[PDB]
Amino acid sequence: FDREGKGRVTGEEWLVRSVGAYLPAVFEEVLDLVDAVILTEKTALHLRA
Amino acid sequence: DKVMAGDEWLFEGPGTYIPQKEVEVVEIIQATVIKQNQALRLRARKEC
Amino acid sequence: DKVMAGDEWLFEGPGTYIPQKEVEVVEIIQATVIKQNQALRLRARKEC
């Protein structure tokens with residue numbers, strides 16, 4: 001992020017909920033390290049805009 | 001049988017080889033563990 | 001690729017160069033900082 005404009009930066013994502021995988025690459029992690037919440041019994045989500 | 005090449009493949013059964021601290025192919029694992037009731041679940045895997 | 005001239009232009013990526021205290025082109029900056037939530041706003045600029 002040099003002057004006024006942005007060099008190349010991009011904000012987009014997706015998730016791997018997959019069992020068994022080292023994760024960190026070149027010292028840094030993916031961005032976070034969490035174990036399974038063991039999801040929804042009778043909950044849901046309300047999507048707005 | 002005898003092999004002069006190969007990717008990743010494990011095998012058990014026969015034996016005369018002596019687990020040499022120099023080379024035991026890769027790693028060695030002795031005995032059969034799991035009892036009767038011991039159930040096991042396995043995952044797919046893959047990294048990166 | 002290789003350059004024998006130039007104005008002001010930065011670049012990252014490859015590397016074999018050793019940040020020599022004599023000349024490291026101009027200045028050096030290691031690692032990637034910003035986490036996930038860290039948002040950044042930039043301005044136009046210009047002086048005088």
# chains A, B, ... in the order shown; residues from 1 in each chain; ligands from 1
>>> residues_around(residues="residue A:23", least_positions_apart="2", cutoff="8 Å", atoms="only C-alpha atoms", output="PyMOL selection string")
(chain A and resi 21+25+29-30) or (chain B and resi 47-48)
>>> write_last_selection(atoms="N, CA and C atoms", output="mmCIF file, in the first residue's frame")
data_model
loop_
_atom_site.group_PDB
_atom_site.id
_atom_site.type_symbol
_atom_site.label_atom_id
_atom_site.label_comp_id
_atom_site.auth_asym_id
_atom_site.auth_seq_id
_atom_site.Cartn_x
_atom_site.Cartn_y
_atom_site.Cartn_z
ATOM 1 N N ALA A 21 -3.960 -31.938 9.403
ATOM 2 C CA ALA A 21 -3.162 -31.082 8.523
ATOM 3 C C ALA A 21 -2.315 -30.116 9.341
ATOM 4 N N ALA A 25 2.830 -22.370 7.644
ATOM 5 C CA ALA A 25 3.709 -22.348 6.483
ATOM 6 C C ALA A 25 4.620 -21.131 6.580
ATOM 7 N N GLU A 29 1.210 -18.905 10.714
ATOM 8 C CA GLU A 29 0.090 -19.833 10.630
ATOM 9 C C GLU A 29 -0.786 -19.351 9.475
ATOM 10 N N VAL A 30 -1.937 -19.991 9.269
ATOM 11 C CA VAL A 30 -2.839 -19.579 8.189
ATOM 12 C C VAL A 30 -3.328 -18.164 8.486
ATOM 13 N N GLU B 47 -2.471 -32.444 3.435
ATOM 14 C CA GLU B 47 -1.983 -31.220 4.032
ATOM 15 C C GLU B 47 -2.025 -29.968 3.158
ATOM 16 N N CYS B 48 -1.315 -28.950 3.641
ATOM 17 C CA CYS B 48 -1.128 -27.651 2.999
ATOM 18 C C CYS B 48 -2.303 -26.707 2.764
#
>>> interface_residues(of="chain A", to="chain C", cutoff="12 Å", atoms="only C-alpha atoms", output="list in words")
residues 1, 2, 3, 4, 5, 6, 7, 8, 9, 10, 11, 12, 13, 26, 27, 28, 29, 30, 31 and 32 of chain A
>>> write_last_selection(atoms="N, CA and C atoms", output="compact mmCIF listing (two decimals), in the first residue's frame")
# COMPACT_ATOMS: atom_id res chain seq x y z
N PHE A 1 0.92 -1.13 0.00
CA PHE A 1 0.00 0.00 0.00
C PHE A 1 0.96 1.19 0.00
N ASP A 2 1.32 1.65 -1.19
CA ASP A 2 2.27 2.75 -1.34
C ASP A 2 1.64 4.14 -1.31
N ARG A 3 1.32 4.71 -2.47
CA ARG A 3 0.71 6.03 -2.52
C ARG A 3 -0.68 5.85 -3.09
N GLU A 4 -1.65 6.52 -2.47
CA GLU A 4 -3.06 6.50 -2.86
C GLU A 4 -3.65 5.11 -3.15
N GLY A 5 -3.22 4.50 -4.25
CA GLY A 5 -3.73 3.20 -4.62
C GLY A 5 -3.12 2.03 -3.88
N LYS A 6 -3.73 0.86 -4.08
CA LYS A 6 -3.25 -0.35 -3.46
C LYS A 6 -2.43 -1.18 -4.41
N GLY A 7 -1.27 -1.61 -3.94
CA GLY A 7 -0.37 -2.42 -4.73
C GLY A 7 -1.08 -3.64 -5.29
N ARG A 8 -1.33 -4.63 -4.43
CA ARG A 8 -1.99 -5.88 -4.83
C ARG A 8 -3.01 -6.43 -3.81
N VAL A 9 -2.97 -5.93 -2.58
CA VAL A 9 -3.82 -6.45 -1.50
C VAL A 9 -5.25 -6.91 -1.82
N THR A 10 -5.63 -8.06 -1.25
CA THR A 10 -6.95 -8.65 -1.48
C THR A 10 -7.61 -9.31 -0.25
N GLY A 11 -8.89 -8.98 -0.04
CA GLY A 11 -9.62 -9.53 1.09
C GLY A 11 -10.74 -10.46 0.66
N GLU A 12 -10.45 -11.76 0.74
CA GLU A 12 -11.39 -12.83 0.39
C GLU A 12 -10.95 -14.07 1.17
N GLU A 13 -11.89 -14.98 1.43
CA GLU A 13 -11.57 -16.20 2.18
C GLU A 13 -12.48 -17.41 1.93
N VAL A 26 5.92 -21.38 6.50
CA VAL A 26 6.94 -20.32 6.58
C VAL A 26 6.80 -19.55 7.90
N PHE A 27 6.86 -20.30 9.00
CA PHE A 27 6.75 -19.75 10.35
C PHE A 27 5.35 -19.27 10.75
N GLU A 28 4.71 -18.49 9.89
CA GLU A 28 3.37 -17.98 10.17
C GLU A 28 2.31 -19.06 9.99
N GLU A 29 1.21 -18.90 10.71
CA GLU A 29 0.09 -19.83 10.63
C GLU A 29 -0.79 -19.35 9.48
N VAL A 30 -1.94 -19.99 9.27
CA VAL A 30 -2.84 -19.58 8.19
C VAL A 30 -3.33 -18.16 8.49
N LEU A 31 -3.65 -17.95 9.76
CA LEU A 31 -4.12 -16.68 10.31
C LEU A 31 -4.67 -16.89 11.72
N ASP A 32 -5.10 -18.13 11.99
CA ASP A 32 -5.64 -18.52 13.29
C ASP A 32 -5.61 -20.04 13.48
>>> atom_distance(atom1="atom CA of residue B:29", atom2="atom CA of residue B:11")
11.1 Å
>>> atom_distance(atom1="atom CA of residue B:7", atom2="atom CA of residue A:24")
25.6 Å
>>> atom_distance(atom1="atom CA of residue C:24", atom2="atom CA of residue C:38")
28.7 Å
